[PDB]
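As a plain string of letters, each chain reads:
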Amino acid sequence: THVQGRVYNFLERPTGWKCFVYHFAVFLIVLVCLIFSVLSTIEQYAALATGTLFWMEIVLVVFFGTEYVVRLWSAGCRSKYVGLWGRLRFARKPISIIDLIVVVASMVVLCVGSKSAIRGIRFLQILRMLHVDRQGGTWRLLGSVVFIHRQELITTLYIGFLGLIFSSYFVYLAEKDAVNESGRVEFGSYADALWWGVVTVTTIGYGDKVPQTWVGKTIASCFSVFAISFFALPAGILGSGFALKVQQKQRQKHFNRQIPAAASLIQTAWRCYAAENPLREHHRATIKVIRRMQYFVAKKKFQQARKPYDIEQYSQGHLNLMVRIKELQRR
Amino acid sequence: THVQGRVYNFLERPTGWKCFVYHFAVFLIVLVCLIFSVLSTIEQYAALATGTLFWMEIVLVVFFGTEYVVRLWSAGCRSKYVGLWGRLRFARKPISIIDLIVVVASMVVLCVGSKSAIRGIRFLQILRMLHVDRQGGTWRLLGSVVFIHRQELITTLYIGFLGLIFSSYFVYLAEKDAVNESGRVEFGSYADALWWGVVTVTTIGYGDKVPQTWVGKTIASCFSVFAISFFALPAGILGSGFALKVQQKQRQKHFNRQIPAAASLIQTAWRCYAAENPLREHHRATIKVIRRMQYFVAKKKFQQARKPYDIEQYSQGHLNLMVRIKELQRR
Amino acid sequence: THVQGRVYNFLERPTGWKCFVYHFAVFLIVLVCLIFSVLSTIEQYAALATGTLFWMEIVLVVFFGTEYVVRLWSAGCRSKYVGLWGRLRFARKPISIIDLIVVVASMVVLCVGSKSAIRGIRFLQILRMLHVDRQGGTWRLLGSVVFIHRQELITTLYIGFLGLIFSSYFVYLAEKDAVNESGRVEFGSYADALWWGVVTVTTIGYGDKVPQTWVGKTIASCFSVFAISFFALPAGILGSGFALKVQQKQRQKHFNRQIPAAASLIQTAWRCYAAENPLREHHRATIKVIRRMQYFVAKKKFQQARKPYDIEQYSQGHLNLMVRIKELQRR
Amino acid sequence: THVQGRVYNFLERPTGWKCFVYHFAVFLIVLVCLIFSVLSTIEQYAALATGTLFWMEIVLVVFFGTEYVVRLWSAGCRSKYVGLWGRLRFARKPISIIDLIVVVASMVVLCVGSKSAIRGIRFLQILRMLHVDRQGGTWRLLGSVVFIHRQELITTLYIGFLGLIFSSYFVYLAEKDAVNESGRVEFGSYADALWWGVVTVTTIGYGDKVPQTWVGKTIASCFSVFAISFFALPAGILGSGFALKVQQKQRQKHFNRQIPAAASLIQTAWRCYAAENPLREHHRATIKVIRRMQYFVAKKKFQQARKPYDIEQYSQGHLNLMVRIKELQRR
Amino acid sequence: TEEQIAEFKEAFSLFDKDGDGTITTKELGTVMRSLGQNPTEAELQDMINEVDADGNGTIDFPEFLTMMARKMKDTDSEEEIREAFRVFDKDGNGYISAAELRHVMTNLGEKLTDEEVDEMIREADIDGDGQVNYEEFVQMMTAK
Amino acid sequence: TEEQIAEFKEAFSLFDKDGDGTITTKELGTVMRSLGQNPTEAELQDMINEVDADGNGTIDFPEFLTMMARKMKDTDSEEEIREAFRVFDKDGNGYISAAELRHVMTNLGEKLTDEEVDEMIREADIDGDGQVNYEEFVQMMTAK
Amino acid sequence: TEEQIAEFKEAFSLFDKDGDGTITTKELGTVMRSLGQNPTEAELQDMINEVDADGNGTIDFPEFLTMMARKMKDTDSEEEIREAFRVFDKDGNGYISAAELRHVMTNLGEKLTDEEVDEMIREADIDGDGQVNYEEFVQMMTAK
Amino acid sequence: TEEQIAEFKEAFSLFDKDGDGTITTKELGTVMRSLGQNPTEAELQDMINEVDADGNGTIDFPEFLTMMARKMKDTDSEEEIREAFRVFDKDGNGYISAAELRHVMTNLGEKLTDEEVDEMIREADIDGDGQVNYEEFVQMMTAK
Ligand SMILES: [Ca+2]
Ligand SMILES: [Ca+2]
Ligand SMILES: [Ca+2]
Ligand SMILES: [Ca+2]
Ligand SMILES: [Ca+2]
Ligand SMILES: [Ca+2]
Ligand SMILES: [Ca+2]
Ligand SMILES: [Ca+2]
């Protein structure tokens, strides 16, 4: 029925402000629950949020359970999710598994905590933040763009890690016994030097461990430069990959839009051409002009579909060539 | 009249050193007022700037009020700003609204402070820095380039925020009770761990909060690497977008320059061709050569307009193809 | 023999999960040995790892010696490594030299330490991490991409270093005598200012040295901005270079795949055409249909080889041009 | 004479290892003098370098004075530097002005210090580092690539500076009276908040000033993220610009190489064609075959010049199109 | 010529259920429902939007006779139709197979009659091979 | 031929207000103002800059007769003119509509006479449809 | 025509070692080994995969006679073959040298007979120069 | 034919200062210096490198008669020469001016005789206009 289809459209694959409002509202409520989880352990407003995180929690649990059982009821629309095995393979999806896990765990914690309820509920309140992005439209993009450039990322991480290991060992060798101004020794072990290396290479630079001897500072400077410049590489690669992948998806969407127009145009043109043969005459007086009307409509829609270029001004690489070829064909 | 047009050109949409000098001067004066606002609270030169920030303020207020009422007088040139409703919709613009707000607030503060005048004037002295860039030529570029890549920025911020939340929670769990060298506890609450996460992920690394237990350092290292590399993404995307958008604007400007040349060329060529018919003979002796002169001038201007390529050497992607097509057409 | 070839394929130039398992296992064992080297100097679990790093070390030494002598036995397959001089020039390779050095040094250290064994073995345990990537498929990429952009990297490093020198000298001049809050002086010498400059320019910012006088802070801010933005350049250049170089290698690989198909197609087509002349008749009844079968197979394989485009959707820059040229040729 | 030309080639516009050795040597000597300037103020090896920096300084001064007067003698080769006014306009160049300034200042300091000599010589020892890159091949590239993208850099710096101002003012407003753990107040004035803003926005993060109140930390986090991502933009823009500009220069160089080949080919072909007319016969027996020999040589050189593509595999964007056009022309 | 225009005007008045020269979009939808071809939407709205040169919704044949006057074989339409076939054809392929053509014709847009699909396949493809050139199809379609 | 050159030289001397073979840019501007076509600027400066091969400002017909000698129908001018029409035409469109042509002709550059615009539209567009090919226009323009 | 089809069916039954109309991939491999051309692999598997329209492994001549019916000179094969020669030719070169052609023909794919290579070089290259156009080669190959 | 080859062999032996069939690069340089055309470098080295098919430095006419056999009018040379003219021509320009042609011919590569430059300009450019098409120039150059 149309009801199941409209519900499935409203719950999965949302589009329009009518669904944007609902999703933004549920996300804002999840974030407000999380902010209530932050203030529940500050030890200065603990009594203000140690009790409301039970009523709010059970309200959210009932809401999400209803949402889950309703989105389950919409599995009849999908061609592969029909039947009991179809509902089972729908529940086999990872996001639905996460939703079910959150639901049952919240229910169990609410049941046991009232028979320290916050002690376990915080990690669930974290996991509720993940069910906000439906259809997994975020992780697939990242997975694809990381898998495409799977060789540049590996080599840059390998070079960075090798530099980290070697340079941090040399620093530890040069500072194995040296006392700071506060009276303690910083590079006590080799793991402490590794910690210094991981803090320097990523350019965090806390300031708990700083080399002291003049032979330590030279290696620290060389490592900082020549390995910050190598650990900072994944930013550009992943960025260009993201942009290119989104452009490819947009082009594929536009081209999938173009097809129905062409189909309607071909079909309507053939219907208009075969005006010879499909009181049976007065009806035939208007079928011709109606076919002409829908043919004009189809030509309009097709011209409106092939008109856009999607970045729009991308024809500058073949501007003069195309007009030259066209005028050559004219002759 | 030409006066109103020249004034509007000098005040909005400036061009040339004659207007560059004026705008640079007003901006330098605003910045000098701001630097006087900095030294007015250093508590060691306070008496030097606590009084001059009244006379300088009223001088700047009178100057900007005059500039506002003069730029208002130039609304007659605009086709949509004619009439009283036209002046009203001109004042409806956001930058003009900011200018009016600054003017009236400075006037009110000057009136009330002389009947602690610096206490409120500083935020106005901040807002004066915004009225320097006219026509909003800065915010529109940023808005457009952010809206174009509205899907890569959202996904990278979402992934970064999720990593921040989860990893900072795990760090707080691993350091909930551990005392630093100074005798206090760092990760007192979960908000403190969130602060550590926001300082580490963006690679600021102040050094007020550092993990202590060996299980904290591992998570800190993994988070630092794998989330710095994801929060550092907007740099490349926005940069490539800015470059591409400025190139598109430059091409559109050049193409809008090209049109008047072609129009003049077509018109002058048609005028030269129809030399048959527009003492009425001696005048006709020179109209022909004058038409030839202006036709040569038009051909010169048109060749000078289609000559540039704006990045200039962009024909290397179609160098041999175009000459091949041309010689093919020759045959 | 096939045995030597299969062994050489399994040891050098690995492909498939069957070799992936072996290489991942040896790398995991090397990393576990390294992690045992970390805990061997923490002074709180030293006795737990001070003795096992002898038995594990000799086991790894025997394993790697066997692997070395076996991969040496596979030099007969290579056309240039046949003969004793061929084995010598095989051992002339740098990675094999590193492997031999590690082997002999581990053997010597194991022999002398049992006649402080950890004191020298750690640097070897570091060098074992380098023999993991065979064929040097990592360093060649980096070398090539650095050598290509050898002029942008030099100029950016030169500008950054010049700014570092000049600005750090000015900072030292402005802070040569100023005491911090802890009672000591920070910029004691000019080398200390150089250390501050190398920590600021690379945006590490430890916090051991901070300028104090109002003339120091201005120079520090200007240097930080205008030289961080210049030392952060190698990230983008090397990233774009890596992506482009990997794309070039992939295209070269695909094109080298294409050739055998075309060769088989030409050969089989010529064999099918010359069906006139190569009880000698009954055999000729089936050679024709077998030649037709292998010809169809060759056409299938060739169409399957020229089908891929490897980034796949790269024809959008020449989509309409190619079809226009094709239909022009049709006429 | 050839001597002046060879000298000018060896001193300006160097090429080959024969000049590389000399320039690398002079640069290494300058750097060693600078390293002697570093150790001359460490107050622990001062007596070791307080005296040698006079003899080494006068040696370097004499060397550079000789180099200057010799490179001045080579102004006769240049078409514009002939004559006394030509030598004057040669000395008008900025790098020569810097060299003359360094020479005269070193001479004056050496004369006065021997009649505290290090007190003034250090800034000169800095400026000697600048005369190493001849022809100004470094600053012109940077100037050009900054001037090309003169609108993206301005807008990103403007947005970053506006965010810095506003957010640092809000932080100062939220922390105007709050004492740290050490008993002092951090944000004493508004300039101190500006210092915090310039340290946070550029992601240095020293750790001398950290916000304390819960309303300060929120603004600090928002500013850090949303303005680090805007101040980090010049890296990508300048990087892509550098790469593109170097590619353009390389292409221009290759095309300027191509011309002599074509000229020689046309000239030699015309000479070979006009073999009819330039004991005067025996000489004409060999001029024909010698013209054929040099014609073959010219064809070889021309094919060798148009063969390279300089990034080499750049024809993939027009691979099939060119062969299609060629075979179309064949028909 | 003129007789056809007068007959079409009379038919338009009959569909409009009134002698006035009005498009009568609602009456047009009613007549379409009477013709069995129930529009089920406001398709007549867009139809008139394209059929009413002045966009009046009902005018005294503003471009109806002009709509007829569109040759429907003009190159400005044959080019568009040939571009429409290009969507289904590979690089320089043409010759789109009868199977693929029938598939796209019946399973996309609005489905046509199956026998009409077979008739179109027989008309365009005469050699019988799996190769029906789009050029011949558009040539016969815009021929008469 | 020679008579036309002599008559043009006499007319140039008359416009120069002197028998000397000088361009007389100021006298040329005065003669243009007398012709009703007030230049109102130093347009004659650039005109001579293009009309004076040596750039002398006034020379004994340096390229005036040569300016005439420019065929004005040479392919090196028809190519430029055809490129000028390309600015107003879509991809392979040509046939720019009489409405758009009149619009761009009167509202851009310097406006021509409205009747002249209609005459040009009638001359270029003969079939009467909204399709005036640029090739035919440039062909008649450089024809005679 | 029909006699050739019947003879080919009889030969296929003989190779199948049975009167049944089955492909008999194993019997086909045995017959190939008997023909001296030992396949040494499951090449017959892929062969039937391309030769069995229904992929049954053994069918009553599903496309065997249809395989014959493939003209083998159709443009859809000459285009592919001409594209195969393009791999060895430089930009607009063609005319690939007899030396290079012999080299690629004997040292790549499966090696042919050396005398067969020389015969092909003589057949394609008649002028004797180091220039054998690929067009003439494919023209004679798909000629008869 | 054969007489020309024998005379060229005799001339090569005379230039080699010996009856042996040797290239004699040093003797060739000496003969060039005797011809007034002092090479002043080891140009003969590269010349033989291109003229000695086997690279022996001196061989019994390895490709000397074959060097002659190069038609010098073959399309594989006319294409290269036409590409050489393309360096000096704008997009689809051709017709490079006699002034520019003389300039590039005398001020680049090795300078030719000024009268030879004028003769080439007169031979290529016959219409007298500032337009000498490169196609006609290469056509006459490779004509005879
Ligand atoms: Ca009606
Ligand atoms: Ca209407
Ligand atoms: Ca005069
Ligand atoms: Ca003159
Ligand atoms: Ca069977
Ligand atoms: Ca079968
Ligand atoms: Ca000899
Ligand atoms: Ca030889």
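About the criteria used
- Entry numbering is not used for residues: they are numbered from 1 along each chain in the order the sequence is written, which may differ from it, and residues without coordinates are omitted.
- Here chains are named by letter from A upward and ligands by number from 1 upward, in the order in which they appear as written.
- With hydrogens and water set aside, each side-chain value is computed from the structure's full complement of heavy atoms.
- Residues with missing side-chain atoms are left out of burial classes, side-chain pairs and their counts.
- Helix and strand assignments follow DSSP, with helices taken as H or I runs no shorter than four residues and strands as E runs no shorter than two, numbered in order from the N terminus.
- Atoms considered for the radius of gyration are the C-alpha atoms alone. The globule rule reads 2.2 Å times the number of residues to the power 0.38.
- What makes two residues a contact is simply this: any of their non-hydrogen atoms within 4.5 Å.
- The split of the chain into domains comes from an automatic or database domain assignment.
- UniProt positions are given in the numbering used here, feature names are shortened, and annotations may be inferred rather than shown by experiment.
- For this overlay, the copies are fitted by least squares on their C-alpha atoms.
- Only centres within 6.5 Å qualify two rings of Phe, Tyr or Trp (six-membered ring in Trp) as a pair; their planes then separate them into stacked at under 30 degrees, edge-to-face at over 60, and tilted for everything else.
- Charge over a ring is defined by NZ of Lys or CZ of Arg lying within 6 Å of the ring centre and within 35 degrees of the ring normal.
- Where helices are involved, their axes are fitted lines through C-alpha atoms of the stretch in contact, as for all axes, and angles between N-to-C directions lie from 0 to 180°.
- The scheme is simple: roughly parallel for angles under 35 degrees, roughly antiparallel for over 145, roughly perpendicular for 65 to 115, oblique for anything else.
- Note on residue classes: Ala, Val, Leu, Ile, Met, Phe, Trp, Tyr, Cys and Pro are nonpolar, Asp, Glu, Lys and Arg are charged, and everything else, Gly too, is polar.
- Distance and chemistry together define a polar contact, namely a pair of N or O atoms within 3.5 Å, with one atom able to donate a hydrogen and the other to accept it when in protein, and with adjacent residues in sequence counting only for side-chain atoms on both sides.

In the PDB archive, cryo-EM is given as the structure determination method for this entry, at a resolution of 3.7 Å.

S.K.: Can you tell me about the overall build of chain A, naming the residues and giving the values?
M.R.: Tallying secondary structure elements over chain A gives 14 helices and zero strands in all. Listed N to C, the secondary structure of chain A is α-α-α-α-α-α-α-α-α-α-α-α-α-α in terms of helices and strands. In terms of its C-alpha atoms, chain A occupies a principal-axis envelope of roughly 110 × 75 × 35 Å.

S.K.: Go over the overall build of chain E, please, and point to the residues and values.
M.R.: Scanning chain E from N- to C-terminus turns up eight helices and zero strands. Across chain E, helices and strands are ordered from the amino to the carboxyl terminus as α-α-α-α-α-α-α-α. Taking 15 Å as the expected radius of gyration for a compact globule of 144 residues, we find that chain E reaches 19 Å, considerably beyond that expectation. Here the C-alpha coordinates of chain E stretch approximately 55 × 30 × 25 Å along the principal axes. When contacts within chain E are restricted to residue pairs at least 6 apart in sequence, long-range pairs at least 24 apart make up 48% of them.

S.K.: Got a sec to walk through the interface of chain B and chain A? Specific residues and values, please.
M.R.: Interfaces are often sized by the amount of accessible area the parts lose when they come together. The interface is formed by 45 residues belonging to chain B together with 42 residues belonging to chain A. Those elements that provide at least two residues to the side of chain B that touches chain A are α9 (152–174), α10 (190–201), α11 (214–231), α12 (234–273) and α14 (319–330) of chain B.

S.K.: Residue-level account of the domain arrangement of chain E, with values.
M.R.: For chain E, the domain assignment lists domain 1 (1–74) and domain 2 (75–141). Using C-alpha coordinates to define each centre, domain 1 of chain E is positioned 30 Å away from domain 2 of chain E.

S.K.: Which residues make up the arrangement of the chains, and what values do they have?
M.R.: The least C-alpha distance between chain B and chain C, which are not in contact, is 8 Å. For the non-touching pair chain F and chain G, the nearest C-alpha separation works out to 29 Å.

S.K.: Describe in detail the UniProt feature "transmembrane region" in chain A, supporting the description with residues and values.
M.R.: All names here are of chain A. The sites that carry the UniProt feature "transmembrane region" are, in the present numbering, residues 18–39, 51–73, 90–115, 118–133, 152–174 and 214–239. For the annotated span residues 18–39, helix accounts for 100% and strand for 0% of the residues, and the straight-line distance between the end C-alpha atoms is 33 Å. Along residues 152–174 one finds 100% helix and 0% strand; the C-alpha atoms at either end are 33 Å apart.

S.K.: An account of the relation of the copies chain B and chain A is needed here, citing residue identities and associated values.
M.R.: Mapping chain B onto chain A calls for a screw motion: a turn of 90° about the axis and a shift of 0.0 Å along it, with 0.0 Å RMSD after fitting. Both copies of the chain, as the preceding transformation shows, are related through a four-fold rotation axis. Residue by residue, only 13% of the interface of chain B is reproduced at the interface of chain A, so the copies engage with different surfaces.

S.K.: Which residues make up the UniProt feature "binding site: Ca(2+) 3" in chain E, and what values go with them?
M.R.: All names here are of chain E. As recorded in UniProt, the feature "binding site: Ca(2+) 3" lies at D89, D91, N93, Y95 and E100. Within the fold, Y95 resides in the loop between α5 (75–86) and α6 (98–107). Topologically, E100 is positioned in helix α6.

S.K.: Which residues make up the UniProt feature "intramembrane region" in chain A, and what values do they have?
M.R.: This chain's UniProt record puts "intramembrane region" on residues 191–211 of chain A. Helix makes up 52% of residues 191–211 of chain A and strand 0%, whereas the separation of the span's terminal C-alpha atoms amounts to 15 Å.

S.K.: Describe the UniProt feature "binding site: Ca(2+) 2" in chain E, with residues and values.
M.R.: Residues and elements named next belong to chain E. Following the UniProt record, one finds the feature "binding site: Ca(2+) 2" at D52, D54, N56, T58 and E63. Along the chain, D52 turns up in the loop between α3 (43–51) and α4 (64–69). Inspection of the secondary structure puts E63 in the loop between α3 and α4.

S.K.: Please set out the domain arrangement of chain A residue by residue, giving values where relevant.
M.R.: By domain assignment, chain A separates into domain 1 (2–136), domain 2 (152–232) and domain 3 (241–330). On a C-alpha basis, the centroid separation for the pair domain 1 of chain A and domain 3 of chain A is 44 Å.

S.K.: Now, about the packing of aromatic side chains: what can you tell me, with residues and values included?
M.R.: With 6.4 Å between their ring centres and 35° between their planes, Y169 of chain B and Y172 of chain B make a pair best called tilted. Taken together, the positions of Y169 of chain B and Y172 of chain B, both in helix α9 and three residues apart, correspond to about one turn of that helix. Put simply, the rings of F123 of chain A together with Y169, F170, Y172 and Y190 of chain B touch in pairs and so form one group of aromatic residues. Seen from the ring of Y81 of chain C, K80 of chain C lies directly overhead, with NZ or CZ sitting 3.8 Å from the centre. For the cation-ring pair, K217 of chain C lies above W195 of chain D, with the distance from its terminal atom to the ring centre recorded as 5.3 Å.

S.K.: Tell me about the environment of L328 of chain D, and please be specific about residues and values.
M.R.: Along the chain, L328 of chain D falls in helix α14 (residues 319–330). Sequence spacing of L328 of chain D and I311 of chain D is 17 residues, and the spatial spacing of their C-alpha atoms is 28 Å. Those residues in contact with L328 of chain D that sit more than four places away from it in its chain are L328 of chain B together with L328 and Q329 of chain C.

S.K.: With reference to specific residues and values, describe the packing of helix α10 (residues 190–201) of chain A against helix α11 (residues 214–231) of chain A.
M.R.: All names here are of chain A. At a minimum axis separation of 9 Å, α10 and α11 run at an interaxial angle of 55°. It follows from the interaxial angle that α10 and α11 lie oblique. Touching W196, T200 and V201 of α10 are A220, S224, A227, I228 and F231, all from α11. Broken down by class, the residue content of the contact of α10 with α11 amounts to six nonpolar, two polar and no charged.

S.K.: An account of the environment of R102 of chain F is needed here, citing residue identities and associated values.
M.R.: Residue and element names in this part refer to chain F. Examined against the element boundaries, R102 turns out to sit in helix α6 (residues 98–107). For the pair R102 and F61, spaced 41 residues apart in sequence, the C-alpha to C-alpha distance is 38 Å. Not counting the four nearest positions on each side in its chain, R102 is found in contact with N107, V117 and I121.

S.K.: Got a sec to walk through the side chain of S40 of chain C? Specific residues and values, please.
M.R.: Residues and elements named next belong to chain C. Tracing the chain through its elements places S40 in the loop between α2 (17–39) and α3 (46–49). Among the polar contacts listed, one links the side chain of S40 to the backbone oxygen of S37, at a separation of 2.5 Å. Beyond its immediate chain neighbours, meaning those up to four positions away, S40 contacts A46, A49 and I118.

S.K.: Quick rundown of unusual backbone geometry? Include the residues and the values.
M.R.: Backbone geometry at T203 of chain A places phi at a positive 60°, although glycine is not the residue there. Take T203 of chain A: it is sitting in the loop between α10 and α11.

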